[PDB]
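Let me begin by presenting the structure, written as structure tokens, before commenting on it.
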There are 2 protein chains.
Amino acid sequence: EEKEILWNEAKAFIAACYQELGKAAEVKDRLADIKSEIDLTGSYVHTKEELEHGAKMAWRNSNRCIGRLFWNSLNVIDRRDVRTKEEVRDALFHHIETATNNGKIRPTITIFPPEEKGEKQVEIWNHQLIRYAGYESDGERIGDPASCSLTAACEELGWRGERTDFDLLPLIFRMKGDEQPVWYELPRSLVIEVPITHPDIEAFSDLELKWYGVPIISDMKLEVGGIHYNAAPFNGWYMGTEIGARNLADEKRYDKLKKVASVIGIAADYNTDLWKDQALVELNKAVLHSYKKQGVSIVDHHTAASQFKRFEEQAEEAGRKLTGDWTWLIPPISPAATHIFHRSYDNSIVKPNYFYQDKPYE
Amino acid sequence: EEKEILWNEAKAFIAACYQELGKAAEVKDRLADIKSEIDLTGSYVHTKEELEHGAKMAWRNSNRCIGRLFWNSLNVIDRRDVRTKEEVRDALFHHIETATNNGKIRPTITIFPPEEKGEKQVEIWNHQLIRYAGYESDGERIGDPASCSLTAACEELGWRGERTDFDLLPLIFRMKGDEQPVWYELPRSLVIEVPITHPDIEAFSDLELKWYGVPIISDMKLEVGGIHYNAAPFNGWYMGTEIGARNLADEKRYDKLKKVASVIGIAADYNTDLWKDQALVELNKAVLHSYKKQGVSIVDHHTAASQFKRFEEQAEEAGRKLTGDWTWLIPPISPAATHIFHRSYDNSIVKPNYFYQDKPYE
Ligand code: HEM
Ligand code: HEM
Ligand SMILES: CN(C)c1cccc(CNCc2ccc3ccc(N)nc3c2)c1
Ligand SMILES: CN(C)c1cccc(CNCc2ccc3ccc(N)nc3c2)c1
Ligand SMILES: C[C@H](O)[C@H](O)[C@H]1CNc2nc(N)[nH]c(=O)c2N1
Ligand SMILES: C[C@H](O)[C@H](O)[C@H]1CNc2nc(N)[nH]c(=O)c2N1
Ligand SMILES: [Cl-]
Ligand SMILES: [Cl-]
């Protein structure tokens, strides 16, 4: 029943993967071994080659990702050998340091042991490995509202935030067999942050905005050939609009546009003045400038779309169908100035891929 | 076969329309008369009430339109009585004058006789009643590229444009029974145009940009209760981004962003400077300012989205399902600053509605 779904996914994945690696001759014997491994054990184990190419294919198939041109240079770290919470913690610390790479960000994924019988071996509670806490009590909002429920769960576990607007959440995860997760403070030496300044407007630093260097998404499931890697944190570098048009701008996040309008010296009184739009552009210019000034990788949305056009061209040249989610591929700033806006994309789901999964808290 | 599709659409429309007008008692007898009219004649004729409410319902059901809050105040002009090309021309001139209303634009639709057996009585060739010509020969681009094929068709018919960037195309339409359409120059006294200036930047007038006041879309088919009104030009007022983010900005339209960047004094050299985004905001601010200064109706995209939220609320309160096309409802400038971006919409097609139809030329 599960052995069948597994075997089917395995056949489809091994054939495609080995074809891409020029190993098509070896498919028959590999499939043989897998068939017997599933019968005898209920699952099968990927070779390091399969796992690495699977994680790359999964990125290539992520419909909502504009950054896919670089799928084949993903740095895959195989941590299927971890058994203890100290090993998990150290692997997550390592991922941070190696992905950060002193600012020259390396797209990286660390892959932990996969689910067995739907039973997780390691369950990561963080949304990203580096993320700010959020607090909301009696009229008072502090930090990142998107982090309120995770922050409250951490404080249930004896963590306590300083209640600045930028408290770093601890790493928090649970091991199989433990009733409760454990948490560990992030060593500050590992976390690069960027203060936001503006190239022309000196007063912009008065807002005391900053953001962290590397987004390391840690709550998605990587599925490859029927094997479910629920713990497999990965990162790229930011596209600037994620920080400037959403994290710092959204009313339900840091909600900074009125403050930006004031420091750039425009009124925030009339919709027809387009002050939100002007403030968005200046905040986004500041974000790109600040990351560049500090030597931390970042891409602007025009360059990102130009790279994505090359991804489309490369897909066609390779004879692979392109899939994509137009609603997520268009940037939230000047979308009609990118080619993405003016074409359509087939939003079909192809595996290997990355998937949402239920939060373990809340 | 056609009588059946017709009767079915008629039943569904009359029931809904009379329910909305509180006339539900009259449905049975009206349906009786319609049934007999279809049998004996192959079609049926709407009452003036049905036609007016049908055109309003069709606007209310237009998934891609952000301006729908005002659906019930559509001004419906019934021109089912026209038989001659002089009457058509005069009705189109009249629509322009009454919709323009000296700048205080009235949303209006003029409805011409409907198709008989799929046979058009009047076939309008213009995309909008007021639109600029476009020319493209040997490296030289003049005017609006989107108008190139219609412009060439007009010049086949003995029209000749002055080849400015803003030549007004003639009205062009064909009567049933004529092999060729006729064309008529627009009287300049009927056409309001707005020069684009910027509230703060004096040099912006150097670009010598202008646009026309009223968009009167004249190539869509209005379908109401199975009756096909292929000729039924309608207008609202502009949302500013249509002019500033698309008509004047698109590379395949007037392509003005590099020129805007230069007059606003920013470099157009580096994607990371976000110069296209900054130029877009300034051009859009100029457009709203210029229309307002001249007393010509226009709405900015924030206010438009706020009105659309009220449309959603009104639909819910009335017990009607809301339908919408998220990809067209989001504005092309700061879309994530509107509520539209953050919710989803059911893109189902409900009739009465407005539909694309095949161009009669090209
Ligand atoms: C190299 C730099 C990268 C850039 C600039 C980039 C850019 C983006 C952006 C802008 C989004 C939209 C998310 C949002 O709007 O919040 C996105 C979505 C996504 N990216 Fe990438 N990305 C990169 C690398 C990666 C990598 C390395 C992976 C995995 C190996 C990945 C997988 C995804 C996935 C799965 C989504 C969709 C997430 C969801 O549905 O919530 N990306 N990417
Ligand atoms: C009162 C002011 C109005 C505003 C501000 C408005 C705004 C808009 C906008 C911005 C669009 C998107 C089109 C584009 O991006 O190029 C649109 C689409 C549309 N509007 Fe409205 N609209 C208004 C009135 C009307 C009226 C009076 C009707 C018909 C009675 C109408 C029917 C439509 C239709 C059918 C579409 C979709 C056209 C297509 O698929 O190409 N609108 N509207
Ligand atoms: C809480 N919140 C705002 C949230 C919650 C769940 C999912 C998301 C969307 N995740 C966006 C995402 C995923 C992968 C990325 C890889 C690289 C990159 N630059 N951005 C990514 C953004 C948000
Ligand atoms: C040539 N071109 C750019 C084109 C061709 C066909 C269809 C369209 C989209 N029409 C947009 C439209 C329709 C109705 C409107 C009513 C009011 C308003 N302010 N804008 C409208 C825009 C474009
Ligand atoms: C195919 C693709 O979705 C297409 O470019 C659409 C996107 N949404 C749009 N939205 C508006 N308002 N106008 C357009 O012309 C388009 N084009
Ligand atoms: C439901 C609705 O489509 C939703 O708000 C989407 C739109 N597209 C998006 N695109 C990105 N990049 N990020 C988002 O959070 C969303 N939200
Ligand atoms: Cl983020
Ligand atoms: Cl237009």
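In the structure tokens, chains take the letters A, B, ... in the order shown, each chain's residues start at 1, and ligands count up from 1 in the order shown.
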I'd like the superposed copy of chain A - fitted to chain B by least squares over all paired Cα atoms - as a compact mmCIF listing (two decimals) with C-alpha atoms, in the first residue's frame.
```
# COMPACT_ATOMS: atom_id res chain seq x y z
CA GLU A 1 -30.61 24.03 -31.65
CA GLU A 2 -29.90 27.75 -31.33
CA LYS A 3 -33.48 28.32 -30.16
CA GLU A 4 -32.68 26.00 -27.23
CA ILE A 5 -29.47 27.68 -26.12
CA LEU A 6 -31.33 30.98 -26.47
CA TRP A 7 -34.35 29.89 -24.45
CA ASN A 8 -32.15 28.46 -21.69
CA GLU A 9 -30.11 31.63 -21.39
CA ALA A 10 -33.34 33.65 -21.47
CA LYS A 11 -34.92 31.72 -18.60
CA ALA A 12 -31.82 32.08 -16.46
CA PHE A 13 -31.46 35.80 -17.18
CA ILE A 14 -35.11 36.83 -16.81
CA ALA A 15 -35.45 35.01 -13.48
CA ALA A 16 -32.31 36.64 -12.05
CA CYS A 17 -32.98 40.09 -13.47
CA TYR A 18 -36.61 40.31 -12.33
CA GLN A 19 -35.67 38.94 -8.90
CA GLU A 20 -33.16 41.79 -8.57
CA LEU A 21 -35.72 44.37 -9.75
CA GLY A 22 -38.40 43.00 -7.38
CA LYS A 23 -40.50 41.92 -10.38
CA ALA A 24 -40.43 38.17 -9.68
CA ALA A 25 -44.22 37.88 -10.09
CA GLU A 26 -43.95 38.92 -13.72
CA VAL A 27 -41.36 36.32 -14.62
CA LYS A 28 -43.86 33.62 -15.56
CA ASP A 29 -45.82 35.74 -18.06
CA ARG A 30 -42.69 37.38 -19.48
CA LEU A 31 -41.12 33.94 -20.00
CA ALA A 32 -44.36 32.87 -21.69
CA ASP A 33 -44.16 35.72 -24.21
CA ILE A 34 -40.44 35.10 -24.81
CA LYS A 35 -41.04 31.39 -25.50
CA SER A 36 -43.57 32.26 -28.17
CA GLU A 37 -41.37 35.05 -29.58
CA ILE A 38 -38.45 32.64 -30.02
CA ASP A 39 -40.60 29.94 -31.67
CA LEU A 40 -42.15 32.37 -34.13
CA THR A 41 -39.11 34.59 -34.86
CA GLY A 42 -35.93 32.77 -33.78
CA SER A 43 -35.01 35.49 -31.29
CA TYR A 44 -36.55 37.82 -28.68
CA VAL A 45 -36.32 41.51 -27.87
CA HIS A 46 -35.31 42.84 -24.45
CA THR A 47 -37.44 45.46 -22.73
CA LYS A 48 -35.55 48.68 -21.97
CA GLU A 49 -35.49 47.66 -18.30
CA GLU A 50 -34.00 44.26 -19.07
CA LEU A 51 -31.38 45.76 -21.37
CA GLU A 52 -30.33 48.38 -18.86
CA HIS A 53 -30.15 45.96 -15.95
CA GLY A 54 -28.40 43.37 -18.17
CA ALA A 55 -25.62 45.81 -19.07
CA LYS A 56 -25.17 46.66 -15.40
CA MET A 57 -25.06 42.98 -14.43
CA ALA A 58 -22.48 42.40 -17.16
CA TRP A 59 -20.19 45.02 -15.65
CA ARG A 60 -20.76 43.59 -12.15
CA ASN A 61 -19.67 40.17 -13.44
CA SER A 62 -16.48 41.38 -15.20
CA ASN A 63 -13.86 39.45 -13.26
CA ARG A 64 -10.95 41.58 -14.40
CA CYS A 65 -12.46 44.96 -13.49
CA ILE A 66 -11.38 46.70 -10.27
CA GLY A 67 -13.89 49.50 -10.85
CA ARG A 68 -17.03 47.45 -10.25
CA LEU A 69 -18.33 49.21 -7.07
CA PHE A 70 -20.18 51.59 -9.34
CA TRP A 71 -21.89 48.96 -11.57
CA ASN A 72 -25.43 50.08 -10.69
CA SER A 73 -24.98 53.66 -11.88
CA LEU A 74 -23.94 52.76 -15.44
CA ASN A 75 -25.68 55.14 -17.92
CA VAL A 76 -27.24 52.85 -20.58
CA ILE A 77 -28.14 54.40 -23.94
CA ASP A 78 -30.44 52.18 -26.04
CA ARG A 79 -29.59 52.63 -29.74
CA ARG A 80 -31.23 49.44 -31.05
CA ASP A 81 -33.16 51.71 -33.40
CA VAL A 82 -30.20 52.70 -35.65
CA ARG A 83 -30.31 51.53 -39.29
CA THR A 84 -27.85 53.83 -41.13
CA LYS A 85 -24.15 54.62 -40.98
CA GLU A 86 -24.94 58.28 -40.33
CA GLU A 87 -27.03 57.24 -37.29
CA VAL A 88 -24.21 55.02 -36.01
CA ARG A 89 -21.64 57.78 -36.43
CA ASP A 90 -23.85 60.30 -34.68
CA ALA A 91 -24.51 57.86 -31.83
CA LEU A 92 -20.78 57.32 -31.39
CA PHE A 93 -20.13 61.08 -31.44
CA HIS A 94 -22.93 61.45 -28.87
CA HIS A 95 -21.48 58.76 -26.62
CA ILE A 96 -18.16 60.57 -26.61
CA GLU A 97 -19.73 63.93 -25.67
CA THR A 98 -22.07 62.56 -22.99
CA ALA A 99 -19.52 60.22 -21.40
CA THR A 100 -16.90 63.01 -21.39
CA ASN A 101 -19.29 65.44 -19.71
CA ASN A 102 -16.70 68.27 -19.75
CA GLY A 103 -14.27 66.15 -17.75
CA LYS A 104 -16.68 64.79 -15.09
CA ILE A 105 -16.76 61.39 -16.80
CA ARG A 106 -20.04 59.39 -16.75
CA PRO A 107 -19.69 55.64 -17.12
CA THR A 108 -21.85 54.98 -20.19
CA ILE A 109 -22.65 52.23 -22.69
CA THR A 110 -24.37 52.73 -26.05
CA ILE A 111 -26.05 49.55 -27.25
CA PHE A 112 -26.55 48.96 -30.99
CA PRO A 113 -28.82 46.33 -32.60
CA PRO A 114 -27.65 42.80 -31.64
CA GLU A 115 -26.51 39.97 -33.99
CA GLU A 116 -29.40 38.21 -35.69
CA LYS A 117 -28.24 34.80 -36.88
CA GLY A 118 -24.67 35.49 -35.79
CA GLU A 119 -25.02 38.15 -38.48
CA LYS A 120 -23.77 41.50 -37.21
CA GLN A 121 -25.91 44.57 -37.93
CA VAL A 122 -23.04 46.92 -37.10
CA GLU A 123 -19.38 45.89 -36.78
CA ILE A 124 -17.06 48.40 -35.06
CA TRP A 125 -13.35 48.12 -36.04
CA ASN A 126 -11.90 50.47 -33.39
CA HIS A 127 -10.48 49.04 -30.14
CA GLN A 128 -11.46 52.27 -28.38
CA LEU A 129 -13.47 55.11 -29.85
CA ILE A 130 -10.58 57.50 -29.06
CA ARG A 131 -7.15 55.96 -29.68
CA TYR A 132 -3.82 57.03 -31.24
CA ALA A 133 -2.47 55.62 -34.53
CA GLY A 134 0.79 53.70 -34.76
CA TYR A 135 3.26 53.37 -37.59
CA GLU A 136 6.22 51.06 -38.11
CA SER A 137 8.19 51.12 -41.31
CA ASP A 138 11.92 50.56 -41.88
CA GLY A 139 13.33 51.17 -38.39
CA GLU A 140 10.99 54.10 -37.71
CA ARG A 141 8.37 53.79 -34.95
CA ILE A 142 5.78 56.55 -34.55
CA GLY A 143 2.77 56.68 -32.23
CA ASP A 144 1.13 53.71 -30.51
CA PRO A 145 2.49 50.30 -31.62
CA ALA A 146 -0.68 48.69 -30.33
CA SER A 147 -2.54 50.53 -33.13
CA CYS A 148 -0.31 49.50 -36.05
CA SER A 149 -2.58 46.94 -37.67
CA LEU A 150 -5.75 49.05 -37.35
CA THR A 151 -3.83 52.11 -38.61
CA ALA A 152 -2.64 50.21 -41.65
CA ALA A 153 -6.21 49.00 -42.34
CA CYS A 154 -7.46 52.60 -42.16
CA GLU A 155 -4.83 53.79 -44.57
CA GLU A 156 -5.94 51.03 -46.95
CA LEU A 157 -9.32 52.76 -46.93
CA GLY A 158 -7.96 56.14 -47.97
CA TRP A 159 -7.41 57.59 -44.50
CA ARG A 160 -3.99 59.24 -44.01
CA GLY A 161 -2.46 60.03 -40.61
CA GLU A 162 -0.24 63.09 -40.04
CA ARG A 163 2.32 60.76 -38.40
CA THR A 164 2.64 62.63 -35.12
CA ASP A 165 2.96 60.36 -32.07
CA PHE A 166 -0.67 61.21 -31.20
CA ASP A 167 -2.77 61.05 -34.42
CA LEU A 168 -6.42 60.35 -33.55
CA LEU A 169 -7.66 57.34 -35.48
CA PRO A 170 -10.96 57.85 -37.31
CA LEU A 171 -14.08 55.99 -36.17
CA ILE A 172 -14.30 52.96 -38.43
CA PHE A 173 -17.18 50.50 -38.71
CA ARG A 174 -19.04 48.39 -41.17
CA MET A 175 -22.79 48.08 -41.75
CA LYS A 176 -24.49 44.80 -42.58
CA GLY A 177 -24.69 44.48 -46.33
CA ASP A 178 -21.69 46.68 -47.04
CA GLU A 179 -18.49 44.98 -48.23
CA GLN A 180 -16.27 47.65 -46.69
CA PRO A 181 -16.36 49.72 -43.52
CA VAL A 182 -16.62 53.52 -43.69
CA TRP A 183 -14.49 55.90 -41.66
CA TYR A 184 -15.07 59.33 -40.11
CA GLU A 185 -12.55 61.72 -38.57
CA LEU A 186 -13.26 62.60 -34.94
CA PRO A 187 -14.24 66.25 -34.45
CA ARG A 188 -11.42 67.61 -32.24
CA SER A 189 -13.96 69.62 -30.19
CA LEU A 190 -15.30 66.32 -28.80
CA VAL A 191 -11.98 64.86 -27.65
CA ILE A 192 -10.48 65.99 -24.34
CA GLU A 193 -6.75 65.41 -24.01
CA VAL A 194 -4.50 65.97 -21.02
CA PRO A 195 -0.88 67.19 -21.27
CA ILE A 196 1.31 65.36 -18.74
CA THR A 197 3.14 67.64 -16.30
CA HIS A 198 4.68 66.82 -12.92
CA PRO A 199 3.72 68.57 -9.68
CA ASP A 200 7.35 69.23 -8.60
CA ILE A 201 9.54 68.62 -11.64
CA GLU A 202 9.26 71.46 -14.11
CA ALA A 203 11.28 69.78 -16.86
CA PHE A 204 8.71 66.93 -17.13
CA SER A 205 6.77 68.93 -19.75
CA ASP A 206 9.85 68.64 -22.02
CA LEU A 207 8.72 65.08 -22.77
CA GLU A 208 5.62 66.50 -24.45
CA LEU A 209 3.52 63.54 -23.28
CA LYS A 210 -0.26 63.63 -23.35
CA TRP A 211 -3.11 61.12 -23.24
CA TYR A 212 -6.79 61.27 -24.02
CA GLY A 213 -9.41 61.71 -21.29
CA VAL A 214 -11.85 58.90 -21.80
CA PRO A 215 -11.22 55.19 -22.60
CA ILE A 216 -14.24 53.95 -24.55
CA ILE A 217 -13.75 50.25 -25.29
CA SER A 218 -15.60 49.47 -28.49
CA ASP A 219 -14.66 45.98 -29.57
CA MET A 220 -16.19 43.75 -26.87
CA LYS A 221 -19.42 41.80 -27.12
CA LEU A 222 -22.10 42.29 -24.46
CA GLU A 223 -24.05 39.10 -23.89
CA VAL A 224 -27.35 39.28 -22.02
CA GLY A 225 -29.87 36.45 -21.82
CA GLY A 226 -28.54 34.73 -24.93
CA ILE A 227 -28.69 37.90 -27.05
CA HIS A 228 -25.34 38.96 -28.51
CA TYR A 229 -24.69 42.70 -28.62
CA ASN A 230 -21.38 42.65 -30.52
CA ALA A 231 -21.56 46.44 -30.89
CA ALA A 232 -21.89 48.05 -27.47
CA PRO A 233 -19.09 50.51 -26.68
CA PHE A 234 -18.75 51.44 -23.01
CA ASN A 235 -16.46 53.55 -20.87
CA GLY A 236 -15.45 54.30 -17.32
CA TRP A 237 -12.70 56.64 -16.27
CA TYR A 238 -9.03 55.64 -16.21
CA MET A 239 -7.15 54.23 -13.29
CA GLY A 240 -3.87 56.13 -13.51
CA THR A 241 -1.59 53.09 -13.76
CA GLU A 242 -3.24 52.14 -17.08
CA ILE A 243 -1.73 55.25 -18.59
CA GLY A 244 1.41 55.64 -16.50
CA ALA A 245 2.52 52.04 -15.96
CA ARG A 246 1.39 50.56 -19.24
CA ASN A 247 0.41 52.89 -22.15
CA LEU A 248 3.31 55.30 -21.67
CA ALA A 249 5.76 52.84 -20.03
CA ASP A 250 5.62 49.45 -21.77
CA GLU A 251 8.53 48.81 -24.13
CA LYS A 252 5.99 47.67 -26.71
CA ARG A 253 3.88 50.85 -26.27
CA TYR A 254 5.28 54.37 -25.87
CA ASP A 255 8.39 53.10 -24.02
CA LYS A 256 9.06 56.36 -22.08
CA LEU A 257 10.92 55.23 -18.94
CA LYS A 258 14.47 56.07 -20.07
CA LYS A 259 13.23 59.51 -21.07
CA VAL A 260 11.44 59.91 -17.75
CA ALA A 261 14.57 58.87 -15.85
CA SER A 262 16.57 61.52 -17.64
CA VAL A 263 14.13 64.39 -16.95
CA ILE A 264 13.82 63.45 -13.28
CA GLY A 265 17.58 63.55 -13.08
CA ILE A 266 18.43 59.93 -12.26
CA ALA A 267 20.84 57.58 -14.08
CA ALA A 268 19.32 54.71 -16.11
CA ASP A 269 22.40 52.51 -15.99
CA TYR A 270 22.13 50.02 -13.10
CA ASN A 271 19.29 47.64 -12.26
CA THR A 272 20.20 47.96 -8.54
CA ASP A 273 19.38 51.69 -8.65
CA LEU A 274 15.75 50.74 -9.29
CA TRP A 275 15.58 53.55 -11.83
CA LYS A 276 12.71 51.95 -13.74
CA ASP A 277 10.73 51.72 -10.53
CA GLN A 278 11.45 55.32 -9.54
CA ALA A 279 10.62 56.55 -13.07
CA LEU A 280 7.36 54.55 -12.96
CA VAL A 281 6.32 56.21 -9.70
CA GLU A 282 7.13 59.72 -10.95
CA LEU A 283 5.33 59.15 -14.27
CA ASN A 284 2.32 57.81 -12.43
CA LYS A 285 2.32 60.77 -10.04
CA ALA A 286 2.45 63.06 -13.07
CA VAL A 287 -0.48 61.37 -14.75
CA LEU A 288 -2.76 61.70 -11.67
CA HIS A 289 -1.68 65.29 -11.09
CA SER A 290 -2.27 66.27 -14.72
CA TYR A 291 -5.76 64.79 -14.99
CA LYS A 292 -6.75 66.33 -11.65
CA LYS A 293 -5.32 69.71 -12.65
CA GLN A 294 -7.42 69.67 -15.80
CA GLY A 295 -10.64 68.52 -14.11
CA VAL A 296 -10.79 65.16 -15.85
CA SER A 297 -11.92 62.16 -13.80
CA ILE A 298 -9.28 59.59 -12.88
CA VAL A 299 -8.68 57.25 -9.92
CA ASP A 300 -5.40 56.15 -8.38
CA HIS A 301 -4.87 52.45 -7.75
CA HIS A 302 -5.05 52.67 -3.93
CA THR A 303 -8.41 54.41 -3.97
CA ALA A 304 -9.60 52.01 -6.70
CA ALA A 305 -8.67 49.04 -4.54
CA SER A 306 -10.42 50.59 -1.54
CA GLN A 307 -13.54 50.96 -3.64
CA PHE A 308 -13.16 47.35 -4.80
CA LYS A 309 -13.02 46.15 -1.19
CA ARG A 310 -16.39 47.85 -0.71
CA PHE A 311 -17.64 46.03 -3.82
CA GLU A 312 -16.60 42.72 -2.21
CA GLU A 313 -18.41 43.71 1.01
CA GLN A 314 -21.52 44.76 -0.90
CA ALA A 315 -21.56 41.45 -2.82
CA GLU A 316 -21.43 39.51 0.41
CA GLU A 317 -24.19 41.61 2.00
CA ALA A 318 -26.41 41.06 -1.06
CA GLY A 319 -25.82 37.30 -0.97
CA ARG A 320 -24.09 37.23 -4.39
CA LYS A 321 -20.93 35.24 -5.07
CA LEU A 322 -17.97 37.38 -5.98
CA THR A 323 -15.88 36.43 -9.00
CA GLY A 324 -12.55 37.91 -10.01
CA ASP A 325 -9.28 37.50 -11.87
CA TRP A 326 -6.49 38.16 -9.37
CA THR A 327 -3.92 38.52 -12.20
CA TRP A 328 -5.80 41.51 -13.64
CA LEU A 329 -7.20 42.97 -10.40
CA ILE A 330 -3.80 43.60 -8.85
CA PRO A 331 -2.40 46.95 -10.06
CA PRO A 332 0.95 46.95 -11.95
CA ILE A 333 2.39 49.45 -9.38
CA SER A 334 2.88 48.39 -5.71
CA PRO A 335 0.43 45.50 -5.97
CA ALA A 336 1.23 44.11 -2.53
CA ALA A 337 0.17 47.45 -0.98
CA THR A 338 -3.46 46.66 -1.89
CA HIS A 339 -5.71 44.15 -0.11
CA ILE A 340 -6.39 42.46 -3.50
CA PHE A 341 -2.88 40.98 -3.57
CA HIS A 342 -3.37 39.19 -0.25
CA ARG A 343 -6.55 37.29 -1.02
CA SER A 344 -7.75 34.89 -3.72
CA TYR A 345 -10.65 35.23 -6.15
CA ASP A 346 -12.82 32.67 -7.94
CA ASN A 347 -12.31 33.29 -11.68
CA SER A 348 -15.60 31.66 -12.78
CA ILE A 349 -17.47 33.26 -15.69
CA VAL A 350 -21.01 34.45 -14.85
CA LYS A 351 -23.37 35.95 -17.47
CA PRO A 352 -24.44 38.66 -18.41
CA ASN A 353 -20.85 39.63 -19.22
CA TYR A 354 -18.50 41.34 -21.72
CA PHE A 355 -16.44 39.11 -24.03
CA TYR A 356 -13.60 39.34 -26.53
CA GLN A 357 -14.52 38.70 -30.14
CA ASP A 358 -12.49 38.19 -33.35
CA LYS A 359 -11.15 41.36 -35.03
CA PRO A 360 -12.75 42.02 -38.45
CA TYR A 361 -9.38 43.00 -39.97
CA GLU A 362 -5.83 41.57 -39.84
```
> Can you list, as a list in words, every residue of segment 51-118 of chain A that DSSP puts in strand (DSSP E or B)?
Replying inline: residues 75, 76, 77, 78, 108, 109, 110 and 111 of chain A
What would the file look like if the residues just selected were written as a PDB file, in the first residue's frame with N, CA, C and O atoms?
```pdb
ATOM      1  N   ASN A  75      24.659  23.529  -3.195  1.00  0.00           N
ATOM      2  CA  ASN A  75      25.606  22.801  -2.334  1.00  0.00           C
ATOM      3  C   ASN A  75      24.836  21.858  -1.392  1.00  0.00           C
ATOM      4  O   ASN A  75      24.138  22.318  -0.491  1.00  0.00           O
ATOM      5  N   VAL A  76      24.915  20.546  -1.605  1.00  0.00           N
ATOM      6  CA  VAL A  76      24.067  19.620  -0.827  1.00  0.00           C
ATOM      7  C   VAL A  76      24.868  18.961   0.264  1.00  0.00           C
ATOM      8  O   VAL A  76      25.833  18.268  -0.029  1.00  0.00           O
ATOM      9  N   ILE A  77      24.500  19.179   1.526  1.00  0.00           N
ATOM     10  CA  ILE A  77      25.233  18.551   2.630  1.00  0.00           C
ATOM     11  C   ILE A  77      24.410  17.389   3.166  1.00  0.00           C
ATOM     12  O   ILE A  77      23.285  17.586   3.631  1.00  0.00           O
ATOM     13  N   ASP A  78      24.968  16.181   3.110  1.00  0.00           N
ATOM     14  CA  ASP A  78      24.250  14.959   3.505  1.00  0.00           C
ATOM     15  C   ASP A  78      24.423  14.657   4.994  1.00  0.00           C
ATOM     16  O   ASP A  78      25.450  14.109   5.417  1.00  0.00           O
ATOM     17  N   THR A 108      22.662  26.407  -0.328  1.00  0.00           N
ATOM     18  CA  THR A 108      23.047  25.198   0.405  1.00  0.00           C
ATOM     19  C   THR A 108      21.782  24.544   0.959  1.00  0.00           C
ATOM     20  O   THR A 108      20.797  25.234   1.296  1.00  0.00           O
ATOM     21  N   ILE A 109      21.813  23.222   1.078  1.00  0.00           N
ATOM     22  CA  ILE A 109      20.752  22.485   1.749  1.00  0.00           C
ATOM     23  C   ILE A 109      21.431  21.429   2.619  1.00  0.00           C
ATOM     24  O   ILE A 109      22.390  20.766   2.198  1.00  0.00           O
ATOM     25  N   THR A 110      20.983  21.312   3.867  1.00  0.00           N
ATOM     26  CA  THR A 110      21.485  20.250   4.741  1.00  0.00           C
ATOM     27  C   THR A 110      20.351  19.256   4.880  1.00  0.00           C
ATOM     28  O   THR A 110      19.224  19.638   5.197  1.00  0.00           O
ATOM     29  N   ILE A 111      20.618  17.985   4.620  1.00  0.00           N
ATOM     30  CA  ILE A 111      19.528  17.010   4.589  1.00  0.00           C
ATOM     31  C   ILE A 111      19.640  16.029   5.736  1.00  0.00           C
ATOM     32  O   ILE A 111      20.635  15.316   5.848  1.00  0.00           O
TER      33      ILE A 111
END
```
> Using the chain letters and numbers from this document, which residues of segment 94-279 of chain A does DSSP assign to helix (DSSP H, G or I), as a ChimeraX atom specification?
Replying inline: /A:94-103,145-156,188-190,202-207,240-247,257-263,271-273,275-279
